[PDB]
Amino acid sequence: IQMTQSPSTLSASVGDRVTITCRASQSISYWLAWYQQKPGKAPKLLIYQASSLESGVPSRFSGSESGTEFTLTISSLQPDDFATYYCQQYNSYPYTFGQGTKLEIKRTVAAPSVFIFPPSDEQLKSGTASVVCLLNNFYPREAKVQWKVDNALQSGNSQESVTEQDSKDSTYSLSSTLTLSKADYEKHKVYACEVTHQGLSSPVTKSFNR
């Protein structure tokens, strides 16, 4: 049985009423559970049998069912509630989970501050070159970085990483690392990362010449 959750992400504020939904691909009766999980921590049971509140869980959480559609409602969002939420059917084996809905803290748009870092000459003595692009303190999370090597779009040779929402200001930061052989690094001149973000009127480019 496939469990589909919606939306995949939800931005909200303390005091908001929020609802997140879970649809089963076929009848699961009311054998539906909802779980909360915070980063690096084990899940916690919130709702079982579609609408029964787990002992000790605050009653601002409630579940409901309409056919194959299940809804988790938080009636007044509190700071502890920002987390990922999973549904799970246990009507029949194999038990299956929804793909998760992450509930994040809404704030105002903030454009990223972009920085580019060439490889260190220390690393170049090792045979590999790492070029790093930093997108600092931006919101919302969706951003895109494209690496440009002598105007040629790079693909398959970068990796990126994003922080969790900042505890103080609720922004994100992102780092993208372009990895090249030092041979390929030597053979080109211009290295640029191009950043697109809702907070930017047009894409921002940071570049350097080797």
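One-based numbering along the sequence shown.
Trainee: Should the higher mean CA B-factor in the entry be assigned to 98-106 or to 122-130?
Mentor: Higher mean C-alpha B-factor: 122-130.
Trainee: Can you let me know which of the two, 69-77 or 82-90, has the higher average C-alpha B-factor in the entry?
Mentor: According to the entry, 69-77 carries the higher average C-alpha B-factor.
Trainee: Highest CA temperature factor in the entry: which of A42, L180, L174, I47?
Mentor: Of the candidates given, the C-alpha B-factor peaks at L180.
Trainee: Looking at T163, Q146, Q37, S64, which has the highest Cα B-factor in the entry?
Mentor: Reading the PDB entry, the winner on C-alpha B-factor is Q146.
Trainee: Which third, lowest, middle or highest, does the C-alpha temperature factor of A33 belong to within its own chain?
Mentor: For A33, the deposited C-alpha B-factor lands in the lowest third.
Trainee: Ordered by C-alpha B-factor within the chain, which third holds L153? Give me lowest, middle or highest, please.
Mentor: CA B-factor rank for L153: highest third.
Trainee: Quick one: classify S51 as lowest, middle or highest third of the chain based on its Cα B-factor.
Mentor: Answer is lowest: the recorded C-alpha B-factor places it there.
Trainee: Taking the values exactly as deposited, rank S207 by C-alpha B-factor within its chain and report the matching third: lowest, middle or highest.
Mentor: Within its chain, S207 is a highest-third residue by C-alpha B-factor, going by the deposited values.
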